[PDB]
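Below is one structure, written out as structure tokens; comments come after it.
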Amino acid sequence: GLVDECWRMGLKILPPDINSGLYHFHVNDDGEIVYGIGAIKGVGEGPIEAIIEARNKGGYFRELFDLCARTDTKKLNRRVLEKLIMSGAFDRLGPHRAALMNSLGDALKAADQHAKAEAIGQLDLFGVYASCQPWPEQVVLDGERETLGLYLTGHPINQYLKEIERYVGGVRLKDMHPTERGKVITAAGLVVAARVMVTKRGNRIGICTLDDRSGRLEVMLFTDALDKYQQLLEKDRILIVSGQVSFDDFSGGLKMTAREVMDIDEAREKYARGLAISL
Amino acid sequence: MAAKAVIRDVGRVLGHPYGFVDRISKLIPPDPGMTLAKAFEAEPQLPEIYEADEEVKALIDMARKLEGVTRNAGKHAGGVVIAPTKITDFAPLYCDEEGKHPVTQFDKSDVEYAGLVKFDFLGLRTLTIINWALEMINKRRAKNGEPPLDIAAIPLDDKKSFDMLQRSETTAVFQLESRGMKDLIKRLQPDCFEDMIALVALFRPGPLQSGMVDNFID
Amino acid sequence: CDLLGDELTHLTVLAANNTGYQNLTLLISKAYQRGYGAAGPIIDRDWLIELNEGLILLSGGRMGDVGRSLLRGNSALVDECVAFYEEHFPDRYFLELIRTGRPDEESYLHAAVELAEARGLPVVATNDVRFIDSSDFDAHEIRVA
Amino acid sequence: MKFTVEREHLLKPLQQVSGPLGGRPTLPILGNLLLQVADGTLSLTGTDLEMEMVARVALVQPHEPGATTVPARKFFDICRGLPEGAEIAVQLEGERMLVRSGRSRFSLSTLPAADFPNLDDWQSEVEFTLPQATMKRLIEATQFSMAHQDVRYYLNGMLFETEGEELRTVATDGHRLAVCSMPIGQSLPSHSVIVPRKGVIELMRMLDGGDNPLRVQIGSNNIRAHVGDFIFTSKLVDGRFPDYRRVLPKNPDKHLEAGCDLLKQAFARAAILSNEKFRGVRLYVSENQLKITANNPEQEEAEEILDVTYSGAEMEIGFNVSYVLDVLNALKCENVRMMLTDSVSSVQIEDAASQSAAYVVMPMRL
Amino acid sequence: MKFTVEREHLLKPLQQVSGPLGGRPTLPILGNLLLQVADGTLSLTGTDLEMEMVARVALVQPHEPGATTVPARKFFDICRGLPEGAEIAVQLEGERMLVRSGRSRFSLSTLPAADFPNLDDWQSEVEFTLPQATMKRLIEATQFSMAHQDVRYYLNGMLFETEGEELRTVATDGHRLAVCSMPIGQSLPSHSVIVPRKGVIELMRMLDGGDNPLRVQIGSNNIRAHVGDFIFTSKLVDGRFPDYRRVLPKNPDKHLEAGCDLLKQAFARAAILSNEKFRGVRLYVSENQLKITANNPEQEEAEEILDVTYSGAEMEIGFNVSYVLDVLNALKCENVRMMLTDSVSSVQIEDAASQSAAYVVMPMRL
Amino acid sequence: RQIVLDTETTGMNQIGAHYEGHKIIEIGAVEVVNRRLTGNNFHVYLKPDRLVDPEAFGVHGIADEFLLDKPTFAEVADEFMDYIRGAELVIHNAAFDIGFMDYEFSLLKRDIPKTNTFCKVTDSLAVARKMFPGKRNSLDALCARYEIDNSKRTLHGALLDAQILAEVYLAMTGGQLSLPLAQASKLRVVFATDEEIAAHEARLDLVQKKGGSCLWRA
């Protein structure tokens, strides 16, 4: 909710950065905002402090390798490193994300070999778009949501539909017009979908996301058509619908269901679009 | 034993798997003060499954006997109390598993009625917000040598403030984040502090469904 | 107590006046400050030595120190246990007597009545009540569980 | 299908072929045996995709061809349990196999021969023959240095180097090394092949240490071993084994001997008071005197004094004691010779009088 | 504080004392031994706080009183490890124990004797001595039927009951039951005590079966065994072992006799095709014939037919084959006699020659 | 003598009377004597009087047109009654089947009382729930638990389940039996002292003056 508000108000807003980042969300002078570290789901508390501590003792980290040497694998685990890339923590340095994911292990090995040269090991016999442009936008932003919670640069289709819409979701639904169950118009910006089962049959599946930048849910008990409505529902960069809404009894998820579907073209029917040019 | 909890707990002790019982408890309305009498009036499927299902009947008959009953001490305390002498002059203690976090064995209402003055614990993190925002404002000091900022020293007629408010941009504005409340703000276009004092008192089922809000605005 | 090791017994503790009330308040605090396990907080029997005046003691019945020792049939252990209350709580320590149709109650009762006459000690009967009506037993069982 | 056999002909094959089989593998049919009667011959084939064991036993009475497959483990236990000298008559009828002996009668569920993965017949590349007892030595002297679960997958196994008139074995996990070199007495082709941990376990298992020659066929990606009419074949993995000539200490100038069993009993004892995690010990050596010390978190200490033959400079070096105890136990000798270079390089360990077995462990710095 | 003993006087004591230790000793000093030197006697205690072993050996060499507490397993292994004939010299210096042997020296951290918990001296109630052999038969014959983890924690152990000149043991699950009785040759007062399974395991392990008699003391809360100069002490579990005389079949009317070995061989083989978890096998008996049948969920089928001496009525009965093999393994006899009742009752089983052992198992009705 | 049944039907009602407006399609039962199948199976198909429900169709498959010519419950009323009368009725989810059975019985209008009045209906789920608390105790759950396949068997519907349930039932109720086993006399009466009686009087005064009653002094 907060981000949606932020965004509408302005920009930057930025991916996390191991060099610049503080304990929580921080404002550089220009940068309205930079990620707080605690935001990341997977990363431990120990690793967050480790990163900052290493940044303190060293200067800004010069490269991926330089980061890994300064903070040993013991503090910042490979699993930890993987989520940092997925967050976009490294993006500045390793413009090639794919390159950076792969380069971790080899770079870590050297650092450990420095540590080994130092202490307590057994010792050993012997012996031994991708470009300046990063990982693609669509795919990169997909990963970020999984790791952080949200899409960066706004949704894969973030930028308007408003006149139909209200973009408020559950927070709007609480105080609603009285009825059996709220009547609502939803447009889906992005959905990734199948029709699933259970080896018995099973009620599902709609995956609804509500934009502009608001909130998305599994849902959860529906169905109507059997397979025909299900596939219309399906799958990349298209949907507006009419669907009946209730506020779920259980907290932490609501009902937003597709009772009706309309196509991009059908959504373009939406009432009947008019052309507005601003000259 | 709140409505959801008592059903869950009785159902498990009656030996149903989690799935069976949750199919029932999810039909119990959300409300904070939920009781069996309230549940029966809010949800018509409850009367019906009671008469149609012997297991549900056995379960609700038992939930009726245990309705409201106290289960355990609590993840959180109720408040901090100040005695004129040692607390043991008035009550015994309860403490956690390490004998830490000592608490009065009498609750909120009872402990004070037995004569010691109390001070509430408050979880809200709006002052943490203000705190952090003040830190961040006062950093902007050395960046341009500007005096640190005193939220208490702000003028009471500020136009920026009322401009943003008349723009209805009041989500994350404390207590006034409701869509309904923003509906009201939109129509009213509130332009003074008196109106701000009024908002929370107006934004209720009574005031809205008695026309006084509309009278006031008109 | 160190006599029966880890085994917990039941005790009913009354504050008879305000001296007792303050001693009882101290005793409760002391138990919680000591810490405990899944069974909940426990007292040392010998806390009753210093934390003593204004308190009147009930033995706990079959589930008490003396009841459990009686059921074992360790006569020496029984005598040592009561002896403590005869020293520190003369006329202020009571045998609980219970006939609720539960395992060992009548056997204990018969042996406790013999002990009570042999020691000059007093008994009091309770019903160890947990519910209003007999059909509430099932609900109490569920409450405990 | 029908044949009848003498328990004693069937039993050792059954044991050799069953013994590595997990009771319950991940792919069911792998726990069953392929049974083939053709001509006067029973061929047994059981596999785990890594290795395969084939046994033949002579059918002297009337017999009838066909194909079948029964649970390996259970069949072996049944046959092990049978009375001494038992004549067992079994007959396949449809998809039930009936097992008779005397008045015992059995009926087993059956999975088809057709489902069994027929792996490939291949052309032999390098061939040689040897006593069973030499093979067992070669393997025993060396197999304990393989890793368990190291990323360098080619160390769970053994380098074969056949060159000139020699056959040589060496095994390692990156931390300790064992070499064994023995004359095979025939001119061979030049070929190298790494056979797996489980392959070496099973080859050692079937080395009934006696007279019989063992003939082995290595291919490019497969290996097969015949001793008489017991036939073992395993798949190989190919990859990049390390060069033992880079591990070999350069010219160890300093020599240190001591009596082997006294040395070993003393190391077994110092091991008890060593750090639990690394089993690490420190040796201090001086003219005709040896001082071994250890320490642990429990703040215990070990010191050993014994008389050893040592002429040379003092030296400071730490090892994991388990790793040297392993070699001292395998070496069944009187006196041993240790050849050091320095604390940071390989040390060679060997019987002062034989050279057939050689072990090198690289040291530690504590 | 000092004493010197020879390794060979310490070896059998040390072995024996180290047995009871593995308890995941949470209170760390349970992994340690109590050494007390007083007089010319070093006393050892090795204990899990429920049971205890004390041994005295006489000290012929020089000694000085005082006490210490060293870690038991590690101390046992070092001493067992020292070479044959070695004279090992121990000496406490204040808070550290020094272990010397000739020219080697070891310094171990030490926990003080004064901290070591003492279980109380108590008084005996029933007393008897007997040949080791008799105690051996008695334990071996019954121990297998003990529960491991039961709610009735008193069944995790064995009822000892004396009556006339019989000591009579029983151990059970609630499913199977073995009883063993032997002549003891001495008048015995009647007593009842339950000794914990761990106790009986250790007692079993201390019997070498040799010539030293065993002498036992039983008090109210502990039980103690003296063989010569070694002393075992355990606590007892409180009581209330259910009356085995109630469960006994009252004149089992069918008599069924067979060669123990043959019978056991057939059960072992039939067991391979039972349900792995529950081991249920079904029995058909008829005039002088025994037909065994077993089914498992995977449709596999075993059958054994055998010649069995049996006079009585025809009846069918199913049961857990593991439990009956356990008894056949405990029955060290030629032929077994089985006494039956019907398809729904437990059966009584004996050695066809001795009433000394009695076994009764419950049926499963499949 | 022990009687095993499992009836799969023309689908069910989710709420209220699961039998109201619905009818039985197949009766498939096995008769069990001395924990064995004699092989005298009673396997019959009857008149739907309505359409097979989409749910029931997906369960094990079955066409409505197949049960059209087949007789009604009235034609096998006596036949089935005598087959089960005065015997042990072991059912899974007994409330379901019994509900349908008695429903159809009343529809015949033949004075035939409810089967529960002349036959002992015992639920196996209750027993399973006692043995395995909080575990899935469905037919297919227990099937997989004891490694029985009921999915790759040609029999779909009643006869399938009946057979399987019989085997499961016997297994659970066999399983291995167990041995196991499982006033006068003189006595002092401390009477309150005069000082204690004074404290008592003062304490009752407090009760009475503050509360307006004291039953001890009534």
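One residue is enough: does the stretch F:86-99 have a residue meeting the conditions out of contact with any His (no Cβ under 9 Å at 6 or more places or on another chain), assigned to a loop (DSSP other than H, G, I, E, B) and within 14 Å of chain B (Cβ to nearest Cβ)? Outline the logic, then answer.
Residues of the stretch F:86-99 out of contact with any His (no Cβ under 9 Å at 6 or more places or on another chain): F:86-94, F:97-98.
Narrowing the set further to residues that are assigned to a loop (DSSP other than H, G, I, E, B) leaves F:86-87, F:92-93.
Then drop every residue that is not within 14 Å of chain B (Cβ to nearest Cβ), which leaves F:93.
There is at least one residue in the stretch F:86-99 that is out of contact with any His (no Cβ under 9 Å at 6 or more places or on another chain), assigned to a loop (DSSP other than H, G, I, E, B) and within 14 Å of chain B (Cβ to nearest Cβ).
Counting just the residues of the stretch D:282-312 that are in a loop (DSSP other than H, G, I, E, B), touching an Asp or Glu at 6+ places or on another chain (Cβ under 8 Å) and closer than 21 Å to E:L82 by Cβ, which one comes out farthest from the other protein chains (Cβ to nearest Cβ)?
That would be D:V308.
Only residues that are in contact with a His (Cβ under 8 Å, 6 or more places away or on another chain) and either surrounded by fewer than 17 Cβ atoms within 10 Å (Cβ to Cβ) or closer than 30 Å to F:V127 by Cα (or both): list them for the stretch F:60-85, please. It would help to see each step written out before you state the result.
Kept after step one, since they are in contact with a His (Cβ under 8 Å, 6 or more places away or on another chain), are these residues of the stretch F:60-85: F:60-62.
Residues satisfying the conditions are F:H60, F:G61.
Got a number for residues in the stretch A:167-199 being within 14 Å of chain B (Cβ to nearest Cβ) and assigned to a loop (DSSP other than H, G, I, E, B)? Talk me through it step by step, then tell me what you get.
Applying the first criterion (within 14 Å of chain B (Cβ to nearest Cβ)) to the stretch A:167-199 yields A:167-178, A:180, A:182, A:184, A:198.
Subset that is assigned to a loop (DSSP other than H, G, I, E, B): A:167-169, A:175-178, A:180, A:182, A:198.
Summing the residues that are within 14 Å of chain B (Cβ to nearest Cβ) and assigned to a loop (DSSP other than H, G, I, E, B) in the stretch A:167-199 gives 10.
Looking at D:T129, is it surrounded by fewer than 19 Cβ atoms within 10 Å (Cβ to Cβ), polar (S, T, N, Q) and part of a strand (DSSP E or B)? Spell out the reasoning first.
Working: surrounded by fewer than 19 Cβ atoms within 10 Å (Cβ to Cβ): yes; polar (S, T, N, Q): yes; part of a strand (DSSP E or B): yes.
Considered against the rule, which asks whether it is surrounded by fewer than 19 Cβ atoms within 10 Å (Cβ to Cβ), polar (S, T, N, Q) and part of a strand (DSSP E or B), D:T129 comes out as yes.
Can you go through B:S168, B:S161 and tell me which one is small (G, A, S), out of contact with any strand residue (DSSP E or B) (no Cβ under 9 Å at 6 or more places or on another chain) and not in a loop (DSSP other than H, G, I, E, B)?
On the way: B:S168 fails: not in a loop (DSSP other than H, G, I, E, B).
Every option except B:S161 fails the conditions.
Which one is farthest from E:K74 (Cα to Cα) among residues in the stretch E:97-121 that are surrounded by 16 or more Cβ atoms within 10 Å (Cβ to Cβ) and within 31 Å of the chain's Cα centre (by Cα)?
Ranking the qualifying residues of the stretch E:97-121, first place goes to E:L119.
One line per residue, one yes/no per condition, for (1) assigned to a helix (DSSP H, G or I); (2) more than 12 Å from chain C (Cβ to nearest Cβ); (3) farther than 23 Å from F:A17 by Cβ; (4) within 26 Å of the chain's Cα centre (by Cα):
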{"residue": "B:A37", "(1), (2), (3), (4)": "yes, yes, yes, yes"}
{"residue": "B:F40", "(1), (2), (3), (4)": "yes, yes, no, yes"}
{"residue": "B:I49", "(1), (2), (3), (4)": "yes, yes, no, no"}
{"residue": "B:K57", "(1), (2), (3), (4)": "yes, yes, no, no"}
{"residue": "B:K75", "(1), (2), (3), (4)": "no, yes, yes, yes"}
{"residue": "B:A91", "(1), (2), (3), (4)": "no, no, yes, no"}
{"residue": "B:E112", "(1), (2), (3), (4)": "yes, yes, yes, yes"}
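Determine if the stretch C:84-93 includes at least one residue that is among the acidic types (D, E), within 14 Å of another protein chain (Cβ to nearest Cβ), under 16 Å from the mean Cα position of the chain (by Cα) and more than 27 Å from B:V13 (Cα to Cα). Steps first, answer last, please.
As a first pass, look at the stretch C:84-93 and keep what is among the acidic types (D, E): C:86-87, C:91.
Still in the running and within 14 Å of another protein chain (Cβ to nearest Cβ): C:86, C:91.
Among the residues that remain, those that are also under 16 Å from the mean Cα position of the chain (by Cα) are: C:86, C:91.
Retained after the next criterion (residues that are more than 27 Å from B:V13 (Cα to Cα)): C:86, C:91.
Yes, the stretch C:84-93 contains a residue that is among the acidic types (D, E), within 14 Å of another protein chain (Cβ to nearest Cβ), under 16 Å from the mean Cα position of the chain (by Cα) and more than 27 Å from B:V13 (Cα to Cα).
Collect the residues in the stretch A:238-275 that are in a helix (DSSP H, G or I) and under 26 Å from the mean Cα position of the chain (by Cα), keeping them in residue-number order.
We begin by selecting, within the stretch A:238-275, every residue in a helix (DSSP H, G or I); these are A:264-268.
Answer for the stretch A:238-275, where residues must be in a helix (DSSP H, G or I) and under 26 Å from the mean Cα position of the chain (by Cα): just A:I264.
Counting only residues that are polar (S, T, N, Q) and closer than 23 Å to D:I139 by Cβ, which one in the stretch D:315-345 is nearest to the chain's Cα centre (by Cα)?
Of the stretch D:315-345, the ones polar (S, T, N, Q) are D:320, D:322, D:329, D:335, D:341, D:343, D:345.
After this cut, where a residue has to be closer than 23 Å to D:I139 by Cβ as well, the list is D:322, D:329.
Values: D:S322: 19, D:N329: 16 Å.
Top of the filtered list is D:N329.
Pull up the stretch C:104-140, narrow it to residues that are within 14 Å of chain B (Cβ to nearest Cβ) and surrounded by 12 or more Cβ atoms within 10 Å (Cβ to Cβ), then point me to the one that is nearest to C:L11 (Cα to Cα).
Step one: of the stretch C:104-140, the residues within 14 Å of chain B (Cβ to nearest Cβ) are C:130-140.
Now narrow it down to the ones that are surrounded by 12 or more Cβ atoms within 10 Å (Cβ to Cβ): C:130-131, C:136, C:138-140.
Working: C:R130: 16, C:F131: 20, C:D136: 24, C:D138: 25, C:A139: 24, C:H140: 20 Å.
That would be C:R130.
Mind listing whichever residues of the stretch C:2-34 are among the small types (G, A, S) and either more than 14 Å from chain B (Cβ to nearest Cβ) or in contact with an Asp or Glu (Cβ under 6 Å, 6 or more places away or on another chain) (or both)?
Going residue by residue through the stretch C:2-34, those that are among the small types (G, A, S) are C:5, C:15-16, C:20, C:29, C:31.
Once the filter is applied, which keeps residues that are among the small types (G, A, S) and either more than 14 Å from chain B (Cβ to nearest Cβ) or in contact with an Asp or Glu (Cβ under 6 Å, 6 or more places away or on another chain) (or both), the stretch C:2-34 yields C:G5, C:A16.
Can you tell me which residue among E:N275, E:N335, E:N320 is within 14 Å of chain D (Cβ to nearest Cβ) and not charged (D, E, K, R)? It would help to see each step written out before you state the result.
Working: E:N335 fails: within 14 Å of chain D (Cβ to nearest Cβ); E:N320 fails: within 14 Å of chain D (Cβ to nearest Cβ).
When all the criteria are applied, what remains is E:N275.
When you go through (1) within 20 Å of A:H177 (Cα to Cα); (2) surrounded by fewer than 17 Cβ atoms within 10 Å (Cβ to Cβ) one by one for B:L176, which number turns out not to apply?
(2)
Please go through (1) more than 28 Å from the chain's Cα centre (by Cα); (2) in a strand (DSSP E or B); (3) of a type in the set (S, T, N, Q) for A:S278 and return the number of the only condition it doesn't satisfy.
Every condition holds for A:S278 apart from (2).
Considering only residues that are loosely packed, with under 14 Cβ neighbours inside 10 Å and either farther than 20 Å from A:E146 by Cβ or touching a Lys or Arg at 6+ places or on another chain (Cβ under 6 Å) (or both), which ones fall in the stretch A:216-241? Please lay out each step first, then the result.
As a first pass, look at the stretch A:216-241 and keep what is loosely packed, with under 14 Cβ neighbours inside 10 Å: A:218, A:221, A:224-228, A:231, A:236-237.
Correct list: A:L221, A:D224, A:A225, A:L226, A:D227, A:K228, A:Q231.
Looking at D:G185, D:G164, D:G157, D:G85, which is the one that is within 14 Å of another protein chain (Cβ to nearest Cβ) and at positive phi?
Just a single option satisfies the conditions, and that option is D:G85.
Looking at the stretch A:127-152, which of its residues are touching a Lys or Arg at 6+ places or on another chain (Cβ under 8 Å), farther than 23 Å from A:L67 by Cβ and surrounded by 13 or more Cβ atoms within 10 Å (Cβ to Cβ)? Step through it out loud before you land on a result.
We begin by selecting, within the stretch A:127-152, every residue touching a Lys or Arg at 6+ places or on another chain (Cβ under 8 Å); these are A:127, A:134-135, A:140, A:147-151.
Narrowing the set further to residues that are farther than 23 Å from A:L67 by Cβ leaves A:127, A:149-151.
Those that are touching a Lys or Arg at 6+ places or on another chain (Cβ under 8 Å), farther than 23 Å from A:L67 by Cβ and surrounded by 13 or more Cβ atoms within 10 Å (Cβ to Cβ): A:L150, A:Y151.
As an exercise: evaluate C:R68 against (1) more than 14 Å from every other protein chain (Cβ to nearest Cβ); (2) part of a helix (DSSP H, G or I); (3) within 19 Å of C:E7 (Cβ to Cβ) and give the number of the one condition it does not meet.
Looking at each condition in turn, C:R68 falls short on (1).
Hey, which of the helices (runs of 4 or more DSSP H) in the stretch F:117-218, taking only ones fully inside, have at least 3 residues that are more than 21 Å from F:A94 (Cβ to Cβ)? Break it down stepwise before answering.
Values: elements: F:124-131, F:139-145, F:158-172, F:194-211.
Answer list for the stretch F:117-218: F:194-211.
If you go through the stretch D:342-351 one residue at a time, do you hit one that is more than 22 Å from D:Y244 (Cα to Cα) and away from chain E (no Cβ under 14 Å)?
No - not one qualifying residue is present in the stretch D:342-351.
Restricting the search to the stretch D:176-214, which residues are of a type in the set (D, E) and more than 18 Å from the chain's Cα centre (by Cα)? Spell out the reasoning first.
So in the stretch D:176-214, the residues of a type in the set (D, E) come out as D:202, D:208, D:211.
Hit for the stretch D:176-214 is D:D211, nothing else.
Please go through (1) away from chain B (no Cβ under 14 Å); (2) of a type in the set (D, E, K, R); (3) within 23 Å of B:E177 (Cβ to Cβ) for A:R213 and return the number of the only condition it doesn't satisfy.
The failed condition is (1).
Could you tell me which of the residues A:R204, A:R195, A:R213 is surrounded by 12 or more Cβ atoms within 10 Å (Cβ to Cβ), within 30 Å of A:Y35 (Cβ to Cβ) and basic (K, R)? Give the derivation first.
On the way: A:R204 fails: within 30 Å of A:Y35 (Cβ to Cβ); A:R195 fails: within 30 Å of A:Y35 (Cβ to Cβ).
Result of the check over A:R204, A:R195, A:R213: A:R213.
I'd like the residue in the stretch E:226-255 that is of a type in the set (A, V, I, L, M, F, W, C) and in contact with a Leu (Cβ under 6 Å, 6 or more places away or on another chain) and, out of all such residues, is farthest from E:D48 (Cα to Cα).
If we filter the stretch E:226-255 for residues that are of a type in the set (A, V, I, L, M, F, W, C), which is where we start, we get E:227, E:230-232, E:236-237, E:241, E:247-248.
From what is left, the residues that are in contact with a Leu (Cβ under 6 Å, 6 or more places away or on another chain) are E:227, E:241, E:247.
Numbers: E:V227: 20, E:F241: 24, E:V247: 35 Å.
Checked the stretch E:226-255; the qualifying residue farthest from E:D48 (Cα to Cα) is E:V247.
Which one is farthest from the other protein chains (Cβ to nearest Cβ) among residues in the stretch B:134-183 that are of a type in the set (A, V, I, L, M, F, W, C), over 22 Å from A:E32 (Cβ atoms) and more than 29 Å from the chain's Cα centre (by Cα)?
It comes out as B:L156.
Could you please tell me which pairs satisfy a Cβ distance under 6 Å, a separation of 6+ or placement on different chains, a first residue in the stretch F:172-189 that is facing chain E (nearest Cβ under 8 Å), and a second residue that is in a loop (DSSP other than H, G, I, E, B) and charged (D, E, K, R)?
Correct list of pairs: F:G174/E:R365.
Backbone-built Cβ (ideal geometry, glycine too); neighbour counts: all protein chains shown. Every read-out reported here was derived from the displayed coordinates using simple, explicitly stated rules and does not represent laboratory data.
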